[PDB]
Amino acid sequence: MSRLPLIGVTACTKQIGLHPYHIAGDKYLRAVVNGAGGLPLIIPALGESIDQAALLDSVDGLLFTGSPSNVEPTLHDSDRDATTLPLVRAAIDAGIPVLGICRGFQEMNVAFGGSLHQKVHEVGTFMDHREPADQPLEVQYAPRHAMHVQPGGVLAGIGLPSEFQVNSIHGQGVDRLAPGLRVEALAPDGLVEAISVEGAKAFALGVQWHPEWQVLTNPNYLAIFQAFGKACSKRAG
């Protein structure tokens, strides 16, 4: 038995200088510590080189993170795609709590058979969900549009209000909703921005916004991370 729930955080790949690296954002790791009450360890994006079942057995929960990169149908990460898309299905079937953020939310939809808009802002009837360019983190990650919780699902069960404001840092978004996914929230332009996996044995939630950001200061972000954290505690037991 462990001191804390061990929460795996998906890495991305990146070339830095002459070397390939696996990377994960500081804000996701601190949100795990401070919002979920877990110990964050970073899962390498090695695809089939790591034994997936050994990996799943080692964690109490999985945070599928946001990324500048995009699931493959310009900035891509096939190395991540090959780790996270079997993994997220494998974790949910194992009863391992899963929280998907931004790219990870899009990956949950894709893994269950759905599709994405590659450019939400070029569909014609959505708003522009991208962050404002050339500005600091505090401005880019501040709340920018409303979010309408659909009743009877995970988000309403955790106690979120019917409407609240969220940040938005995404050029892609959900088009066809995968079968077996419950819609948890819609942006004001009808875009699906949160989903849950129907019948999942454990917590299985994805959101398009970035609740890791300054998590303790936003009660809606914090409630998401605390519910995720509780589910990771439950699994450890």
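The first residue of the shown sequence is 1; numbering continues from there.
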Hey, how big is the hole between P73 and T74 in terms of deposited residues without coordinates: none, 1 to 3, 4 to 9, or 10 or more?
10 or more
Of 32-40 and 45-53, the stretch with the higher mean C-alpha B-factor in the deposited entry is 45-53
Output the stretch having the higher mean C-alpha B factor in the entry; the candidates are 144-152 and 128-136.
128-136
Of the choices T65, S69, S196, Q172, which one's C-alpha carries the largest B-factor in the record?
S69
Out of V120, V110, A82, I101, residue topping the C-alpha B-factor column of the entry
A82
If you rank every modelled residue in this chain by C-alpha B factor, which third holds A202: lowest, middle or highest?
highest
Would the CA B-factor of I7 place it in the lowest, middle or highest third of its chain?
lowest
Record-listed C-alpha B factor of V166: chain third:
lowest
Split the chain's modelled residues into thirds by Cα B-factor; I96 lands in the middle
B-factor third for the C-alpha atom of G25 within its chain
lowest
